[PDB]
Structure formats: C-alpha cells, structure tokens
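Novice: Below is one structure. I have some questions about it.
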Amino acid sequence: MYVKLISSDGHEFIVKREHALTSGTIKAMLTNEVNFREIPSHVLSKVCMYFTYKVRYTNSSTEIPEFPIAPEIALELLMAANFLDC
Amino acid sequence: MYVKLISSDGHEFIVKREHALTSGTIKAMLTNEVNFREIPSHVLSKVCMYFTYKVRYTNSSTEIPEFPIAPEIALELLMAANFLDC
Amino acid sequence: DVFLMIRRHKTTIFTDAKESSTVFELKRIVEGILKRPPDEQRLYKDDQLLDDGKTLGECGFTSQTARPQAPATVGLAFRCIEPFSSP
Amino acid sequence: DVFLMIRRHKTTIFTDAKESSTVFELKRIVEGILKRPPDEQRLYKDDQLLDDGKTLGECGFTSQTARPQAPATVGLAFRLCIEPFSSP
Amino acid sequence: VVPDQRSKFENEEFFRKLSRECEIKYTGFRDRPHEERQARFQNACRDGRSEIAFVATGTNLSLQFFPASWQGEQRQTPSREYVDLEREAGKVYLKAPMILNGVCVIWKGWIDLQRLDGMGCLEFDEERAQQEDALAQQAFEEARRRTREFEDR
Amino acid sequence: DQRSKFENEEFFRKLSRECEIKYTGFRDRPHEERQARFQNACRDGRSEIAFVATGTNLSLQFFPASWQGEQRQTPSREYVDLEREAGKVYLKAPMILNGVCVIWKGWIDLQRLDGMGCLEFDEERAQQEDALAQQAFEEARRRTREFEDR
Amino acid sequence: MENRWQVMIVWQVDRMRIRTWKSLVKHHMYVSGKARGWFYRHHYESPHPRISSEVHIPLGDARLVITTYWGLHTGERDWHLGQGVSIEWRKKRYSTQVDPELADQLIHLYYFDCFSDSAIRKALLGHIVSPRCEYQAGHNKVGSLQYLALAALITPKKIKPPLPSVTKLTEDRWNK
Amino acid sequence: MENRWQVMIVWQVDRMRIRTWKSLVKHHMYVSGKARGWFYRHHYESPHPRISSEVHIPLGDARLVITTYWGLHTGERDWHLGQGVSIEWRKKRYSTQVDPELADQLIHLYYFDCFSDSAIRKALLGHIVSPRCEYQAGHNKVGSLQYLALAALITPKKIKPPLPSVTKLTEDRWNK
Amino acid sequence: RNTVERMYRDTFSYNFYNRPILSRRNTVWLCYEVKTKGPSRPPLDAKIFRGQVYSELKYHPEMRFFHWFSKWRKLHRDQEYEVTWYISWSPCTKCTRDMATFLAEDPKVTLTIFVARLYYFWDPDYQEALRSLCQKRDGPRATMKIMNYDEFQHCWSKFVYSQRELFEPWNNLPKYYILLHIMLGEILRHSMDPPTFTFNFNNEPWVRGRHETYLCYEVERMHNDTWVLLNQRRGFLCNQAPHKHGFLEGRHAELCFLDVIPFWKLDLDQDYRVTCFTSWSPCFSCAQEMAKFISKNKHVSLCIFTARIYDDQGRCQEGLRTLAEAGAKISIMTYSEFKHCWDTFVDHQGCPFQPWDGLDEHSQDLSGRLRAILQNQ
Amino acid sequence: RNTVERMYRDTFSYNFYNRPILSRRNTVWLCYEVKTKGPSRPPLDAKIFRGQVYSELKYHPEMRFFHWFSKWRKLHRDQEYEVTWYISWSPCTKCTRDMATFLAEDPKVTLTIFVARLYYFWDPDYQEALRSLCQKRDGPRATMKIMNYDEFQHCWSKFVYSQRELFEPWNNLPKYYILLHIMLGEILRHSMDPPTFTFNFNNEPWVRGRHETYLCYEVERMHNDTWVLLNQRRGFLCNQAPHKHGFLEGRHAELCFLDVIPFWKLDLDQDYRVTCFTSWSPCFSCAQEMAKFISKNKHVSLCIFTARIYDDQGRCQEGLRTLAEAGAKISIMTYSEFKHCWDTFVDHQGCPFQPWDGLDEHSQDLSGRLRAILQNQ
RNA sequence: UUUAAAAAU
RNA sequence: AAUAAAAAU
Ligand SMILES: [Zn+2]
Ligand SMILES: [Zn+2]
Ligand SMILES: [Zn+2]
Ligand SMILES: [Zn+2]
Ligand SMILES: [Zn+2]
Ligand SMILES: [Zn+2]
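From first to last, the protein sequence lines are chains A, B, C, D, E, F, G, H, I and J. In case it helps, UniProt numbering puts the first sequence at residues 17 to 46, 57 to 112. In case it helps, UniProt numbering puts the second sequence at residues 17 to 46, 57 to 112. In case it helps, UniProt numbering puts the third sequence at residues 2 to 80, 89 to 96. In case it helps, UniProt numbering puts the fourth sequence at residues 2 to 80, 88 to 96. If you read the fifth sequence in UniProt numbering, its first letter stands for residue 4, the second for the next number, and so on. If you read the sixth sequence in UniProt numbering, its first letter stands for residue 7, the second for the next number, and so on. If you read the seventh sequence in UniProt numbering, its first letter stands for residue 1, the second for the next number, and so on. If you read the eighth sequence in UniProt numbering, its first letter stands for residue 1, the second for the next number, and so on. If you read the ninth sequence in UniProt numbering, its first letter stands for residue 6, the second for the next number, and so on. If you read the tenth sequence in UniProt numbering, its first letter stands for residue 6, the second for the next number, and so on.
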C-alpha cells in the first residue's frame, strides 16, 4: 500500500499510493519502485511534504495553514514540481 | 531669632525674622508675636512654605523646583498673599 | 490525526496516526514495511531511547508538535540521525 | 541642607538643618525655643518613637524626602498626638 | 448533476457551517428587555411585516428573514417556506429553501420562545434539483472547478 | 555694586568655578589630526576654535576678528598664547555678561586637548564703559512686567 | 393565509468595513482601470428598504452581485455590527448564494491579471516572469505545488490601495 | 603682530530646533501680529561667514539680537549639534551678552500681553480678568505670592503654535 | 498639526461651502467655543480641530475635543459650561453615540452644534443615532442646527485669517440652507407647538395677523394596490419672510416643497401620492409651478387640502383650475383631517384635540365655495 | 495613506515646478524605480512616497524607501540593484548622511537622484554632506542630477494620472534647469576631463571642429585692501546646443554666466572681482550683454582671459572695444594662466601640465593682435 | 449643470 | 515679476 521513491543521492522514501496519485508522472508510472535521476533528497522530502499537506487539506476550505518556503530551495522545488506536474 | 505667628483658628507657628522680612506687612509691623484675623492655619502653613521656598531659591537661577498649588486653595491663598503684600 | 516522519539508516517513512495511539501501534504500523517483530524495535526522540511502554500524552508531544508541514522527528533502532541533503 | 517641620501641641517650628545633622543637634535647635533639656525630649516619625541617638542616614531619610515645599514630617514629645491641618 | 450534488453535499466542507446541529440565537433588540424581546419576536412572527435575524454562535453566519414584499417581485417557489409557533407549545419551526454553491439545500431549525435560542441543521434537497435549470447548473459546475493559474496563453 | 553682583548672584549659569573645558574641533578626525589642526588654528589665527564645558551646553567661541570686521579695540586684549609653556596654551578673553564685565581665563594641554577654565571679575573697564548704557540695563533687569500695565 | 417569506445568508460586518469596500470599489472603477466595467448602484436605485449598495461584477455571460444592507435586524447592542453584506450569483432567472472565498475566486478568474501559462517554463529558464499575479485573494485554495513554488520565488505585487476582495470585506475580527 | 579675536558664548543646539525657532518667529511675525516689529535678517544679509540668521527685537531704546551659526566644528562627534545660538544686548555702541532666561524675561517686559495692574483687584472681586499672561517663560524666577496664586486660580492661555522663546531654544536636551 | 488658532480664506471657502452633496471635502474642521453658564461673556476658550473622515475614531475632531475637555474639566470642578460647535461635516455615527454617552455621564455641560452639510443624512443608523443624541428633552439635550448666513459670517469673523474685510456669501447659500433645514427637520421629526397650530389652522372667514403660510406634507407609495405610508417622509415647513441675506424675493413654502421633492430620488417606475395640508390655498405663481411640476413628473400624484380658501385679487381661481387640469385633487379639511393633522404633526404631549366653535359650518361653506370654483371655468 | 501608485495632474504641476526658490511646497514627493543590471527592461518596482519636510526624520520619504528596501531585498542577496529617484526636493542633511551610511553598508546598490529643485543648497553643512555622498569616490557612487525636459516627460508619462494628454512644459523650464545645473556643479566641484581641456584650449591660429565655448570662472572679494578668494564660487560651464525642447536658440556660455551671477546674492556694499577664462572671445551679442551687466552692477569688476580671438563680420572688434570701455579688463592667456586653469578647473589626477607646440609664439601673436584691436578705433 | 461622497494627494 | 522657504492648512 506504499510506493517507494529512491532519491538521486541514494536515499529512500515511501509514500502511500493515494498520496503519489496526485503526481501525474508517478501515477502514470504506477512495479512498486521509482528512481529519481535529478531530485535531491531534500527536494524529494519537500515534495512528499507537499503531498502530505494537500492530502490533509484537499477538501477542507476553512483555516488552511501556511506552507513555509525558502528562496534558496524554491528554484529546485519548482523544477521538481514541474517534472512531477504537482 | 524667631518670630511667632498665631493662627486665627488656634494654631501656632514660628519663622525666622529674615524669612518674614520678605513680607511687607510683617516687615513694617515688626514686638515678637503676630496675630492674623482671617488667615486659617493651613494658609499659614502654605505661606511659611513659600517663605522657605523663596529664601532657598531667591538667588539660584538653575533648575528651580516647581511650587505646588491647588485650585481649591487658590482664592484664600491669593487673599492671604495680597493681605501680606508678598 | 497527526503526521509523523521516521528516519533510520538513510531510509524514510511518512504516515498519519491518531493522537492517543501508543508506541505499540507505531511499531505495528512500521512492521508492515520492515517485516520484523515490534518487540526488539525501539524508538528515539531527541536522541533519547523510548521504552517499550510509551504514549504520546506521557511523552508530552501534542497535535501542535506534529503537523503536516512540521511532523515530529523520531529516530529508530534495531537489534544514526542522518541529516537531510544540502544544496 | 534640608528644611524640616516639627509639630507638637499645635506648636510648629520651621528650620533648616544639614544632612548629616544628628537628632542631638535637632534637639539643640529646638532648645532655643522650647527652653527644655535635649535629653528627655523624644522625636517621632510615622508614629514611631525615635531613640535618643539617631542620625539621618541611619534613619534612611534623605534630602529627597525633605523639600522646602514638602519638609519631612516629624512628631515630638516631652516628659503623642499627630494633629492634622485645618480644612476649608 | 444530482449525484454530483449529493456527493459534494456529503463530502465537501463548503461553508463555515458543517451541516450539523449548530446552536443559533435571536439577535433582535438585544439591549431591549427579555420580555420585550420575545414579545416583539412573537408579534413580528405573527404579523409578518418585519425581518427576523438569527446568528450562529461559532461563526459570523447569519440567517436574515426578509418579507417577500420587500423584494421587487414575487419569485416562483416550488417548495414551501414556513415560520410558525403553533406546532409546539413554545417552539417555532423554521424552514428555509436555499441554493448554496449550486446545490439546492433545506435549512431547518427550531427556536424556543422562552429562551430566544435554538438549533439548526442542514439537509440535502432532491425534488427541486430536476426543476432547476440544467444549463445554469452545468455552467456553474464547470465554472467552480476552473483555475486561473496558468489558464490563459 | 558690580563686585557684589558677581559674588552673590552666581549669575548666568556659571559660578566662577574652575570648570572642565575641552577643545571640540574636528571630533571625527583622528587625535593627531585634531592636535595638528588645533595648533595651526592657534598660530595662524585664520580659523575658529571652540572650548566647551564638559557637562553643560555652554561653549566659548573664538572667531577671527576679521570675519566680523568693524574692529573694536579691547582693553586687556584677548590672547591665545603658547609662549608661556611648552606643553600648554593659555587663553584670556574679556567679556560682558548680564551687565557685569568679566574675564575668562583658561588653559589647554595640547597633548590631552582639554583642561580648566575660570571666570574672574574685571575692575578696569567697568568704570570706563558708558554709565548710561549699564544703568539702563540694570534698570531693565530689575523690572518685572507683571501688573505693570495700566 | 400563511406568510410568504424570502431568506438570505447575510454576512455581518461593521460599518467601517462597508465604507472601505465602497471607497475601494469606486477608486478602482474610476481612477484605475483595474475594476472598469463593474457597476455600482446607489442607495436610491433599489426599492428594498434595507439594501445599502449593490455592486455588480459581470462574469461574462453571468453576474455576481454583492449587496450591503442597512438597519438590519441584528441591531447589535454595541451597534458595532449593525450592517451586513451578502453575495449572490445570477444568470438570467437563476440565483444562488456563494462563499466569500468562492466569490473572490470567481472574480479573479476574469478581471485581475495572474501568472500566464509560460510562467512555469520561464522559471525553468530563469527568464524574467511577467505579468505577475497581483490578486492573492483569488488563490485561497490549496494550489498546485508548481504555483506555490512560483509564488515563493517571485512575490506578488501589493497594489496601493488594495484591490477589493470579498474575503477581506466579510470576516469576523470580533470572534476570530 | 599678535592676532585679534572676538569672543562670544554660543549655546550649541541641533538643526531642527533652530529651524523650528525660525518657523515660529516668522509665523508670529507675519501670520499673527503678536511678534509684529521683530526683524529677521537672512543669511545673505551678513558678511560673517558663519552666521545663519539674525532676529532683532527692539526692546524700547535698546535691542536684543538672537544669532544662529553654521558649519561650526564645535558640534558633536555624532554631528547632531553642528549649529549654535547666541544672544547679545546692544545699545548704540555698548553691548553685553544675555542669559537665555534673562533674555526671555526681558522680552516679556515689552511685547506679549500680561496681567494688568487691576488683575488682582478683579480677582478678589470675582469678576472677569482681561487679558491674562499668555507667556509663561517670561516669569522664570519664582515671584510674588500674588502671581503664583492668581495663575493657580486662572490657567494661562496656550497659543498655537507656541510663542517663540529663547529658553526653549537653548534648552539642553541630551546633557539633562 | 491638529490645533490651529484660525484658518486661511482658501480652506474656509473650500470646506464650508454647503452644497448638500459634495465630494473631495475629506477633512473635518471643528471650530469650538466654550463659555461660562448664563450671561454673555467672551469665550473662555476657542480653537479649531482638524481630522480626516477616514482616520481612526480617536483622531476625529469630536473625540479629540472631548479627550482634551475631560482633562480641562478638572481645574474648575464646580462650574457649568456651554459649548458651541461649528463643524463642516455633521458628526459621524460613532461620534454621535459616544457624544451621547459622554453627555449622559456629565449632566453639567450644554452642547450646541451648528453644521454646514449633513454627512450621510440618508443613513437609517445615523438618523437613529441623531434622534438618540438630540431628540430627547428628558434626556441629554444636545441641540443641532444647520448653519445659515449668520453662522458662516460669525465663523469668518472669529475663525479665519481674513485680513480685515467683508464676507461674501457664495451663490446659493439660502437655497442650500432651506434644503438642509427641511432634511434635518424630517430626520429629527420636528413638530409644531400647539399655539402656532391653533392660531394658524383656524378656518374663520375673517382673520388678522397671519401673513405667513404653513404647510405639512407626507409621502405614500403604491404597493399591492394599497397605499403604504413612508414614516421616513413626513414634515412641515413655512414661507420665508423677505430678508436682505436670504432670498431677496420672498420664497413661498410651495416652492421650497417643489425644490425638495427631487431630492428624495423618488423612483420613476413607481407611483407616489404626496399629501399636503395648507393653512392658505396656493397663490397663482405657486399653483402654476405646482401644475408644471406635476405635468413634467408623471409618476407623482398630489393631494392638497386647504384650511382657509385664499382669494385676494381673483388670480387664484385660474391657478386652481390649472392644478385641476394638471391632475392634482383639491379639497378642504373636515373635522377628521384637522384631528389627523393634530395627532400626526403636533407635540400635543398626549393632549386631545379641541375643535373651535363653528368648525363644521365654516368647513362646509369652504367646501361649497371650492366646488363652485372648480366646476365652472 | 503614505504610498500612491500615481499622482494627479495638479499635484505634478504644483510640486515639480522647478523654480530654484519655491515656498509652500511643504511635501516631498519621491517617485522611484528599481531595476537590475543587464539589458534595459521594465522596472521591478515603481511607486511614490510622501512626507512633510517638518515631520519626524523616520517618516521622510528617503528613510521610508530604505526601510522598505531593506526588507524587499531579502529575496535575492546575489542581486545587484539600480535605483532611480525623481524627487521634488533634494534630500535633507540628516537624510543625506544616513543615505551615505546605508549605501556604505550595501556595496551592491547604485543610486541616481534626479531633483527638480535644490533644498538648502546654500547651507555649508548640507554642501559638505552632498560632497560626502556624491563627490567622494571612495564612498559608493550616489549620482545626483537636475531634471530636464526628458525626466519631466518620463515622470508625466509614468507617474501621473494623465489620460493620454501631452506634457505641457511650463514657462521657464530650461532657464531654471541651467541655473540649477550650474549651482550643483559649483557645490559638487566638478572638473573638466583632460581631453576636453586639451581639445578646446589650444591657442593654435587655425583649428577645426570647435563650435562650443567653455568658460571657467572664479570670484574674489575685497577685505583689508586684499583679494580674498571665495572657494564656494568656482566652476565652469559650456554653451547649450540649440534644441527644440530646451532653448530654441541655444544660449552662449556668457548669457548663462550672467544669468547665474544674480543668484550669488553678492553684497552691494562690497567690491568683487570676477575672473573668467575662455576658449573663445565673446561674440557681439554676448559682448553687449556683458557690457550692460557690468555697467549696471558697479560693485562687480570683470576680468577676461581669452585663448583665441573670435572675429566675424567685423562686429567682434567693436564688441571687444565696447566691452573694454565699459570697465572690464580683457587680456590673453599665457603659460601662467594656462597652468593655473589646468591645476584649478581640471581633473588632473596629480599629473602635470604639458604645454603644446608654439604656445608662446601664438600667445605673443594674439597679444599683439589684441593690442591692435583695443588701441585702434 | 453635475459629485449619495477616502473617487485625491 | 516676487517666495532663501512649516509664512499653508
Ligand atoms: Zn492570480
Ligand atoms: Zn506675564
Ligand atoms: Zn467623527
Ligand atoms: Zn404663493
Ligand atoms: Zn529629509
Ligand atoms: Zn557668444
């Protein structure tokens, strides 16, 4: 019930299939393993965090918390989002 | 070296000759005892306070203190002042 | 419900769990992935070993500590707090 | 220097005194008017009898406490009645 | 569109209201005395020439009840709206047909006359859905899904 | 009269006391530059030099007499002299303050750029100055405007 | 007979908020072209004894009506919340109420400029991104990570005075 | 040949205080008639390289001259106090410097309206007193009981903007 | 700044111009004067406060004035004061409520307000607040009035940097004053004292000493085939005796009525009936203008009711017929109409109506005369 | 309200009137634009800031701009920014010093300030602050310039609520611009680039391409029968090429100089000597204008040191003769004068002066020619 | 003529 | 034409 993601640096995450369904690329791909050529470990963690947040508040329309971002990581986070169409 | 002042209400004060010399009435009158027909005891206290105040700060022209007064006492204090020609 | 992140040996897992759930349920959840008995597994928080009998409330952690954008970070051991990558 | 007011039996005296002046000097000062020996007379502050030997610094009162517009208030006794001022 | 309407009614939290028992209070004439407050409440309810306000404690939502004559013209009402006290000893029942975010809904409530407070709940409407204009329904349904993000060229 | 005024009134926010004074020219420049420019100003006499009491707002300004032009000969003529001492410079300045003629005498240590200054009564020019003007000023400073109107 | 009644969800605000809304709408309608085409009906152009002002935003073939009300029944004792606001959506004879958040969402779809399609690839290439989104009220929803990252990289313009958003108009500072 | 100098006492002040002094003097000279007769000589009307302005106040036969100065190095390291003020009192050729407080007292003796000789008479009669001392800085010395009592009885007028006073001009801010 | 001794001519002329509907006058100027209770004496204090209308409630001229006044009040604790305001804009709603609170707290101050324009005069909440602050005679009495030529001229005299000269009123000062007085009377629901009504409403054929014409008016609206009253629109007004500074030519009450009808912004698509009660019948010019207005505006109907028929030089018969051809019904008050006017437009204090001798006979005589006048042409 | 996206036409026409001496412009309007290094592209941000001159220092538009910029700069540390100011009044002394400090802290901000008018340009302390902010190259460059037709038009196109109307220059725009340009050149102590001096100042009998007159000046004052230099009065200026937007008939350097002289406010009771060094002799019209100016201003003596004689149609000889007769002393530049000009009015960077070929011979020949012209009549 | 009013500053 | 500038608001 979990999809395994391998960071380009050689780290491992696992995220529920429903969470990964939000990403078009992973949804099309899903085999139970995925390898990301360019996404670093921290960017994979951040996109997993985005999945977590969106799933938590996908349907709620009241008092949506903030999603912290940092300028230094924003560029590659946007690159990863584009690649994943998230 | 001390002049005696009698409050009309039945109270006694004393103040040095020089301090009283600031007042025209007492200066002309002075005998070592003075009786005032109308000045209440509190007004006598205030006028003695003024005497000591000015004797302390007559010469100094630097950082002079404020001399407290209250509106409710103002009329009687003014009457005493005009009577005493201070 | 609160989200949690468990990292160990450069392996990471993300999950959601109830507030009152005890550490035994946490070990049960991670068992379905790591396929080992809950008994030997021991958790860690701030590099402090968590005994077999533990609960969220007793630990002092609250729903505010674990958030979707800021889950509680707890290590794991079997019978190393690896930092995340950098730019 | 500081200015002081002493009230006893509806008799009051206005005079100045040095900061370090001890109560003995104060009794000497009041002697010239009250014609009584210093020894038996006893002073008072906030309804608290003052020993025969007392000094300003030990008492804690300072030049800030006593002003020409608000001299230190002290009672007196012979061998106590804090009579307030009259009213409008 | 009826199945989609039902699905959204059941699953999507659309307003501050959570489609559950919500306490409400009468807001009219608060500074006036309690007896006067309820006397005017009943007099307006009987006469029907005044507007009636109810506020939910936990939110800023209000239900403001306007006489139908105030609006410019009479509107066709396939359902019936009512506000009466007779059904109970001292309880007034309120029925309010509405259209919330494109889904037709019935807001039901009751208020105790003595305490000038009560509760309200929200229920799906099925009969009127077919009555409503399917053109407007589908156009609204399409419009509430589109996103301005990257929409244009 | 003048002597009694000077001794009594402690007039003009200065009590004729040996007071701290310091040179303030070019506080931003480094110490050596400050001293060099102070020495040049003292010798050449084409610039201005100011001596300020340490803990107050008063300051004595020396401006070249050329700037104001219209020179007036002054008895006990002011001077800024370095001849008296190798390490010190002496300053003497006649003045008139609140109707009494005075002298200000001070000294500055060129090494520390500070020192002491004091005020001294002047007996000579007091009788020389116009009687009418000083009498008028004395009258003016005695009056009070209160209740003076008709 | 039984009385005929009409019911409406009347948001509740203080008078100052309504006056600020009115001012902002007027300014952005006349002085600035950002709200041109909006219609502002004065208090004397409605027979309703309680309507204070109607603002009509033509959403293409549809319409969005924001109505303020005077002398409402709330009659709050402090008087701090005596007036009110309401939002509605019109198309011919259809009529429905809308969320304040959904109301601005629908507003931003047409009028205020937002990030164009090419803004994703511009960030990839590093090319200057333009035009930028100036109406954050139109994206209160949980947007895609692409949009959020783009917004973080390049911050929105903060026009002065602020653009009119129903969300700001209809909120409860009192209880919060 | 020994060098010659002129010696003046210069109360150091900051720019804003001198600016305000100038503004108030001009206002009360032109806008209001209270300071009618004062002369204000600009910066270009004096050969002195350092002067910045001059305010001449005709005190009967005599005159009072408030001067301000530019570009003095005397000012503090922070350069807050780069400017300075000075007061002289001139009568034909005779001259003498004046204390700021004595300057204010002398000023009040001529220009601003003060309590009339019948002020006390009317005060003890209970009738109105017209006019009243509008200039408090001119009575810096502690005076006769008459004044303290009368002032305590009737509050002085507060002119807006405040009347110009040297004592306020030369007040020491930081070295309180 | 915030306080100023006076103000320049430019600002005075720009801000105190009293057109009922002005934009761009975003500042409020409050010229205040304080006097001791009773006999006239020079004000103990007088200045001006400024404030933006959009600034926080604490910075409004009224709130600033009262914040200053509270502290100023603790010098003579036992004195009672009169306060007079001259304000370009009427106080806001919040300022009105807070002034009511402050005045209730301290019953030892009298407050009089003079206002150039009426800020948001069409706001129901503002009308309620003004009624609370000013209507009560038992409660806090805070008088409010409109500024006329005299008030503006006094403000010029004592609150302007006007190098000694004369005040030149702008174009339409009296028209704007009468419009604002009518509007304010409607808002506060003024009412005639019984003596004026008694001495002016009588139907006796022969009268003496009544040369000023009164009028009362009330609007009504069609809805559901029924007449529904508008408690908003009710009030009475009279004619202006010619005066130098007012309309040089006397302004008739009917003319003021006509000038004010447009202001209510009566909707064209609806139908209104305006019921007017007059002590004297309309004069020739008044009737002509009324008929012209009625003809131009086809969405309004008029209903005039006259107490004493006025026929001085015979010109009135033509005017009555023009009114009739216009479409304005005309009648005479019977007992019922007199009593209705008494109970709707008088401060009767609950007292009953007291008809005078021979009311019915004189009313019937007037009805016969009017019928004879109208039937024939 | 402090920030505005645009200002209205009245505001622009009232606040940016560039007369050197304007009162009642109590507000400082600061339009600004922020750009990045690289190809020209639309500004990242562009708005306006407001503030009185007498408000607290923290509210002046310059401090507000820098407070906003500090936070707005967090996003991209690596980025290096260009700032352009269009400010009605030039910054104050305290603001000038704090701006110097701010730019000192951040070496990645290049600031240009376009001023309509110069504020307190006669204050020595302000002059020192301006020199520290601008003249000193060790501190980060903060360029300052006066606004011309181009800058006013750019503002009117981007910082005003214009409805596609066209910019309408006021009466004396170019005159005031040139006065302010000369004053700012005086205060900032600009110097001639060596190439311009070498090309324009050669005294060779025959030359080609030089159609512009350069005029350096310096004033001196009588004190104790001695000439004391006024270091504040020292600079140079060139002629204005004719332009449709500026002067239709471009002004000669002499006319600009005579227009500036009245703004030095030279004292009437003293005596001044004004020395001018030129590359060309005055023309006929310039000669008459200078002669009239000297005749009317008896407290000014004029000395001219020319490099070459400009003769055309024979009127130049008459012009020189009348100029000499008016009182002015005309002579020719020799080696000493050339070296003095080089060391005074040129940015020599410590380098020495290199006399050119035939300098002495040409100087002697021109001296003989001038003697003949001035003596023959 | 017009301003329903922070439509500006 | 004049404003040396908080002489204004
Ligand atoms: Zn957008
Ligand atoms: Zn006085
Ligand atoms: Zn208000
Ligand atoms: Zn008539
Ligand atoms: Zn500044
Ligand atoms: Zn020429």
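By construction, the Cβ of each residue, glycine as well, lies at the ideal position given by its N, Cα and C atoms.
What residue ranges within the segment 51-85 of chain H form continuous beta strand (DSSP E) runs of no fewer than 3 residues, ordered along the chain?
Specialist: Whole beta strand (DSSP E) segments, 3+ residues: 51-59, 62-69.
Novice: At a cut of 8 Å, does the segment 21-33 of chain E reach the segment 47-62 of chain E through at least three beta carbon pairs?
Specialist: Enough Cβ pairs lie closer than 8 Å, so yes.
Novice: Under 6 Å Cβ to Cβ from I:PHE157, same chain only, skipping five residues before and after it: list those, please.
Specialist: The residue you call residue 157 of chain I lines up with position 152 of the ninth sequence. There are no such residues.
Novice: With distance defined between alpha-carbon atoms, name the residue in H:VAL55, H:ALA119, H:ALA35, H:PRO131 nearest to I:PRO47.
Specialist: Working through the ninth sequence from its first residue, we reach residue 47 of chain I at position 42. Closest by alpha carbon: H:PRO131.
Novice: Output needed for residue 113 of chain B: all residues of its chain with C-beta closer than 8 Å, excluding positions within five of it in sequence on either side, in chain order.
Specialist: Beyond the ends of chain B as shown, which are 17 and 112, falls residue 113 of chain B; an answer cannot be given.
Novice: Kindly examine ligand 3 and report whether one of its heavy atoms sits closer than 7 Å to the Cβ of I:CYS36.
Specialist: In the ninth sequence, the residue the question calls residue 36 of chain I occupies position 31. No, ligand 3 has no heavy atom inside 7 Å of this Cβ.
Novice: Using a threshold of 7 Å, is the CB atom of J:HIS65 nearer than that to any non-hydrogen atom of ligand 5?
Specialist: By 1-based counting over the tenth sequence, the position of residue 65 of chain J is 60. Flag set: Cβ of J:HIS65 near ligand 5.
Novice: Below 7 Å, is the gap between the Cβ of H:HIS127 and the nearest heavy atom of ligand 2?
Specialist: For the purposes of this step, residue 127 of chain H is taken as residue 127 along the eighth sequence, with counting starting at 1. For ligand 2, not one heavy atom lies less than 7 Å from the Cβ of H:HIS127.
Novice: Compute the minimum distance between the beta carbon of J:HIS257 and the heavy atoms of ligand 6, and state whether it is under 7 Å.
Specialist: Numbered from 1 along the tenth sequence, position 252 holds the residue referred to as residue 257 of chain J. The answer is yes for J:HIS257.
Novice: Can you list, in chain order, every residue whose CB sits closer than 5 Å to a heavy atom of ligand 2?
Specialist: Cβ-based neighbours of ligand 2 within the cut-off: H:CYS114, H:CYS133.
Novice: Find out if the Cβ-Cβ distance for the pair F:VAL86, F:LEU97 is shorter than 8 Å.
Specialist: Translated into the one-based positions of the sixth sequence, residue 86 of chain F becomes position 80. Translated into the one-based positions of the sixth sequence, residue 97 of chain F becomes position 91. Result yes, Cβ atoms of F:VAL86 and F:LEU97 sit closer than 8 Å.
Novice: Quick one: what does DSSP say B:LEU110 is sitting in, helix, strand or coil?
Specialist: In the second sequence, residue 110 of chain B corresponds to position 84, counting from 1. It is helical.
Novice: Within the continuous beta strand (DSSP E) that includes J:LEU235, where are the two ends?
Specialist: What you label residue 235 of chain J is simply residue 230 of the tenth sequence in a count that begins at 1. 231-243 is the extent of the beta strand (DSSP E) around J:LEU235.
Novice: Return the CA-CA distance between A:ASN58 and E:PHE153, expressed in angstroms with no decimal places.
Specialist: Residue mapping note: residue 58 of chain A aligns to position 32 of the first sequence, counting from 1. Residue mapping note: residue 153 of chain E aligns to position 150 of the fifth sequence, counting from 1. In a straight line, the C-alpha of A:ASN58 is about 32 Å away from that of E:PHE153.
Novice: Look at residue 85 of chain D and B:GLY26 and say whether their C-beta atoms are less than 8 Å apart.
Specialist: Regarding the residue in question, residue 85 of chain D is not represented: chain D runs 80 and then 88, omitting everything in between.
Novice: Let's test the definition: count the other Cβ atoms within 10 Å of the Cβ of G:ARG93 and tell me whether it reaches 16, buried, or not, exposed.
Specialist: Numbered from its first residue, the seventh sequence carries residue 93 of chain G at position 93. With fewer than 16 Cβ atoms within 10 Å of its Cβ, G:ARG93 is classed as exposed.
Novice: How about G:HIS28: is its Cβ closer than 7 Å to a heavy atom in ligand 1?
Specialist: To locate residue 28 of chain G, count along the seventh sequence from 1; it is residue 28. No, the beta carbon of G:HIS28 sits no closer than 7 Å to any heavy atom of ligand 1.
Novice: Under three-state DSSP, which class holds J:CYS36?
Specialist: Here the question's residue 36 of chain J lines up with position 31 in the tenth sequence. Strand at J:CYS36.
Novice: Quick one: list the residues of chain H neighbouring I:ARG46, beta-carbon separation under 9 Å, in chain order.
Specialist: If you number the ninth sequence from 1, residue 46 of chain I lands on position 41. Chain H residues near I:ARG46: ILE128.
Novice: Sort out for me which residues DSSP pairs E:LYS28 with in a bridge.
Specialist: Along the fifth sequence, one-based indexing puts residue 28 of chain E at 25. According to DSSP, which records beta bridges pairwise, E:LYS28 is partnered with E:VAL58, E:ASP120.
Novice: According to DSSP, which residues form a beta bridge with A:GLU59?
Specialist: What you label residue 59 of chain A is simply residue 33 of the first sequence in a count that begins at 1. A:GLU59 pairs with A:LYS20.
Novice: Taking the CB atoms as reference points, tell me whether D:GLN42 and D:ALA78 lie closer together than 8 Å.
Specialist: Your numbering for residue 42 of chain D matches position 41 in the fourth sequence. Your numbering for residue 78 of chain D matches position 77 in the fourth sequence. For D:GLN42 and D:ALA78, yes; Cβs fall inside 8 Å.
Novice: DSSP puts E:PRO100 in a beta bridge; with which residues?
Specialist: Stepping through the fifth sequence from its first residue, residue 100 of chain E is reached at position 97. E:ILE109.
Novice: Would you identify the three-state DSSP class for B:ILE65, choosing helix, strand or coil?
Specialist: Stepping through the second sequence from its first residue, residue 65 of chain B is reached at position 39. Coil at B:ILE65, not helix or strand.
Novice: Tell me, please, which residues DSSP counts as bridged to G:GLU88.
Specialist: Within the seventh sequence, the letter at position 88 stands for residue 88 of chain G. For G:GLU88, which the question treats as bridged, DSSP gives the partners G:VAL65, G:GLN97.
Novice: Can you give me, in chain order, the residues of the segment 64-90 of chain B that have a beta carbon less than 9 Å from any beta carbon in chain F?
Specialist: Residues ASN85, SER86, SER87, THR88.
Novice: Does the beta carbon of C:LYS28 come closer than 8 Å to any beta carbon on chain A?
Specialist: Walking along the third sequence from the start, residue 28 of chain C turns up at place 27. Closer than 8 Å: no.
Novice: In the structure shown, what three-state DSSP assignment does I:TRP347 receive?
Specialist: For this step, residue 347 of chain I is matched to residue 342 along the ninth sequence. I:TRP347: helix per DSSP, three-state reduction.
Novice: Specify, as a first and last residue, the run of the alpha helix (DSSP H) that G:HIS28 falls within.
Specialist: Your numbering for residue 28 of chain G matches position 28 in the seventh sequence. Counting along the chain, the alpha helix (DSSP H) containing G:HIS28 begins and ends at 15-30.
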